[PDB]
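Heads up, the chain below is alone and in the form deposited in one PDB entry; it's given as structure tokens.
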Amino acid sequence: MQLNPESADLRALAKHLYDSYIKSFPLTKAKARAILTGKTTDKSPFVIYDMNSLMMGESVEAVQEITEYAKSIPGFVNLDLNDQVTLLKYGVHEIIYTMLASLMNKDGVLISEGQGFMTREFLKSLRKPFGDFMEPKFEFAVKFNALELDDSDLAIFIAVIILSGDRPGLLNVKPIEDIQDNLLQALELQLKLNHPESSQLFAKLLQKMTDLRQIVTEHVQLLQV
């Protein structure tokens, strides 16, 4: 590869998506990992690890933030308004579970915008079938966080999921795929520059999208109860 005008426009597209990633979402991964690790910021979160800790601590919001970020993707607002709703209808759950891995470690998940922290084992100890609600998300997060993506990687990765040309009921598929092809080019370059150690990380990220649709499929089956 070389540093040429096409490469610079892909990096400028990456920077634009990252700035919108920050403006649209309050709690990013960089601040999430800082809270979960030692370099914590302000007030420490209230850990909920059993029933007693639940008492002394006693999705709709994310849908609005993701739509705000989708409006900043170049060309998304110019699509047919019905297709814009269709892309966000079948993709918002895949985004939320991707953002959820940023707030997760092997012990639990960050809740209440970092004010609380509920452990993984306490969520599994809940009564059936509520004990199986968050467990598929943790198993995905352990594998997903093993890729060690940052906010710059996730910003473009979130954009590729939105511009999925295979959503049911898309009136105009071709212009959607032309944007995703541009997003895929920027995501490939972003991963090669930011991850000199991960062989075929671009291929591994695309395979994670198949795992995301299996979570949403499994989550809807759990919601029919």
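Numbers follow the displayed sequence, beginning with 1. If you superpose the two forms and keep the largest set of C-alpha atoms that fall within 1.5 Å, you have the rigid core. Shifts are known only where both forms have a C-alpha.
The deposited sequence places no unmodelled residues between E197 and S198, so the chain runs continuously there. Taking only CA atoms, the mean B-factor in the PDB entry is higher for 128-136 than for the other of 128-136 and 103-111. Across the two stretches, 145-153 and 112-120, the PDB entry reports the greater mean Cα temperature factor for 112-120. In this entry, the residue among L193, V60, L163, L187 with the greatest C-alpha B factor is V60.
Among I158, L183, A32, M56, the highest C-alpha B-factor recorded in the PDB entry belongs to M56. Ranked against the other modelled residues of its chain, the C-alpha B-factor of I95 as given in the entry falls in the lowest third. Ranked against the other modelled residues of its chain, the C-alpha B-factor of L206 as given in the entry falls in the lowest third. Ranked by C-alpha B-factor against the other modelled residues of its chain, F46 falls in the highest third. Annotation for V216: C-alpha temperature factor in the highest third relative to the rest of the modelled chain, per the entry.
Absent from the display: the form deposited in another entry. The rest refers to it.
Relative to the superposed core, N82 undergoes a C-alpha shift smaller than 2 Å between this form and the one not shown. Relative to the superposed rigid core, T37 undergoes a CA displacement smaller than 2 Å between this form and the one not shown. In the core-superposed comparison between this form and the one not shown, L126 has its Cα shifted by at least 2 Å. Note: the CA-CA distance for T41 and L154 expands in the other entry relative to this form, by 3 angstroms or more.
In comparison with the shown form, the Cα-Cα distance of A14 and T41 increases by at least 3 angstroms in the other entry. Moving regions between this form and the one not shown, defined as 3+ consecutive residues each with a CA shift of at least 2 Å after core superposition, lie at 38-43, 45-58, 125-127, 223-225.
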